[PDB]
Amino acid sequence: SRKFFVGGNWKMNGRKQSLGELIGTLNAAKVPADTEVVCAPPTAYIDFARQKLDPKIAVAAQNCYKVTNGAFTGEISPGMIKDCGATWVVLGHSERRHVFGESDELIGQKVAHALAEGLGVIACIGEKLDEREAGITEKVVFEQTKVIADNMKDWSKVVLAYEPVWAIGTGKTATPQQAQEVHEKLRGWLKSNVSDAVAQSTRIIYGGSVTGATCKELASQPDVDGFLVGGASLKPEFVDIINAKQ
């Protein structure tokens, strides 16, 4: 019985005043008890957000590096994330992979280390438009998921996020049925390559375009276990997406 999971990726948006407002909205919101809600602030505001947010909402970092301390100007470690009261980290996000060039190997290593330090991990995967139009969706997301899997001792604190990069900013839209086709193929990969236990208990959430209007239909897909929300996570509309199963 996989617990429904809604992530809010704020990305590089907001200041203390505006995020303070957003947080007041989320605190005033009724969160269903059967739903796990997580918010990822810009790294400068992880501490700030954890202090202001009600305990019913967990806090994620948006990225981290692969050792606990070191000569890595501009990076943060999982220890720092935990030290700030955050319990999750988002890793392998399409923007890290495709804007900032983070390799599969680097990401697998980040997952191992964040997991070894006690954080949950939202591990992101997905294919670009050129990869999808070349017919290599499965090949790409399976390879990304394999590299993550090779750097794991334990699956219980991982959530997989499928991002259709091919449908973010390109003009193309993704159907609920296309999302479901990728999600069930990823679950089938977990069953045949890790275990049926992992396949049946691991949340696979959809990180493509989600709104107050699209969320109910997407969430009723049997292999779509929730959402990693982009722009809408900055709006009160997020509260509708939290309630997508209601």
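For every residue, the number given is its place in the sequence shown, counted from 1.
Using the B-factors recorded in the PDB entry, average over the C-alpha atoms of 122-130 and of 147-155, then report which stretch comes out higher.
It is 147-155 that shows the higher mean C-alpha B-factor.
Between 219-227 and 11-19, which has the larger average Cα B-factor in the PDB entry?
Looking at the recorded C-alpha B-factors, 219-227 comes out higher on average.
Tell me which of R97, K172, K110, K82 tops the list for C-alpha B factor in the record.
Largest recorded C-alpha B-factor: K172.
Based on the PDB record, which member of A44, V59, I205, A33 exhibits the highest Cα temperature factor?
Highest C-alpha B-factor among the listed residues goes to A33.
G70: which third of its chain by C-alpha temperature factor?
Lowest third.
Classify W166 as lowest, middle or highest third according to the C-alpha B-factor given in the PDB entry, relative to its own chain.
Top third by C-alpha B-factor.
Going by the recorded CA B-factors, say which third of the chain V198 sits in, lowest, middle or highest.
Middle third.
Sorting the chain's CA B-factors, does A86 end up in the lowest, middle or highest third?
For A86, whose C-alpha B-factor we compare with every modelled residue in the chain, the answer is the lowest third.
Cα B factor band for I76 (lowest, middle or highest third within the chain):
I76: CA B-factor falls in the lowest third of its chain.
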